[PDB]
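Q: Below are the structure tokens for one structure; questions will follow.
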Amino acid sequence: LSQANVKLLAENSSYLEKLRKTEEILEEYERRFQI
Amino acid sequence: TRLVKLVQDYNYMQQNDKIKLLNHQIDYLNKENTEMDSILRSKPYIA
């Protein structure tokens with residue numbers, strides 16, 4: 001919880017960030033797909 | 001004793017300065033309990 005966290009925390013922010021992007025895209029895509 | 005201004009001013013003022021320096025040493029040598037209290041919270045979070 002000295003270095004490992006630091007690395008995992010950095011990764012956490014990234015993993016989240018990736019999800020943040022996909023969530024936004026999905027929201028855009030449902031109402032892009034439409035009819 | 002009861003009944004040289006230059007020295008009274010030259011330490012006091014030098015004495016005054018040692019204290020001001022000490023006030024800064026209190027902050028940098030140090031006041032890091034603020035940050036190390038965060039160590040007291042965070043590092044034990046391994047437990």
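The chains in the structure tokens are called A, B, ... from first to last as shown; in each chain the residues are counted from 1, and the ligands are counted from 1 in the order shown.
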Can you write out as CSV which residues of chain B fall within 9 Å of chain A, alongside each residue's closest atom pair and its distance in Å to one decimal, counting only C-alpha atoms and ordering rows by chain and ascending residue number?

A:
residue,atom,partner,partner_atom,distance
B:42,CA,A:1,CA,8.5
B:43,CA,A:1,CA,6.8
B:44,CA,A:1,CA,8.9
B:45,CA,A:1,CA,7.7
B:46,CA,A:1,CA,5.8

Q: Name the residues of chain B that fall into alpha helix (DSSP H) according to DSSP on the backbone, using the chain letters and numbers of this document, as a PyMOL selection string.

A: chain B and resi 5-9+13-28+33-42

Q: Tell me, in Å to one decimal, how far CA of residue 39 (chain B) is from CA of residue 19 (chain B).

A: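 About the pair CA of residue 39 (chain B) and CA of residue 19 (chain B): they are 29.2 Å apart.
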
Q: What is the CA of residue 25 (chain A)-CA of residue 11 (chain A) distance in Å, reported with one decimal?

A: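 Atom-to-atom, CA of residue 25 (chain A) and CA of residue 11 (chain A) are spaced 20.9 Å apart.
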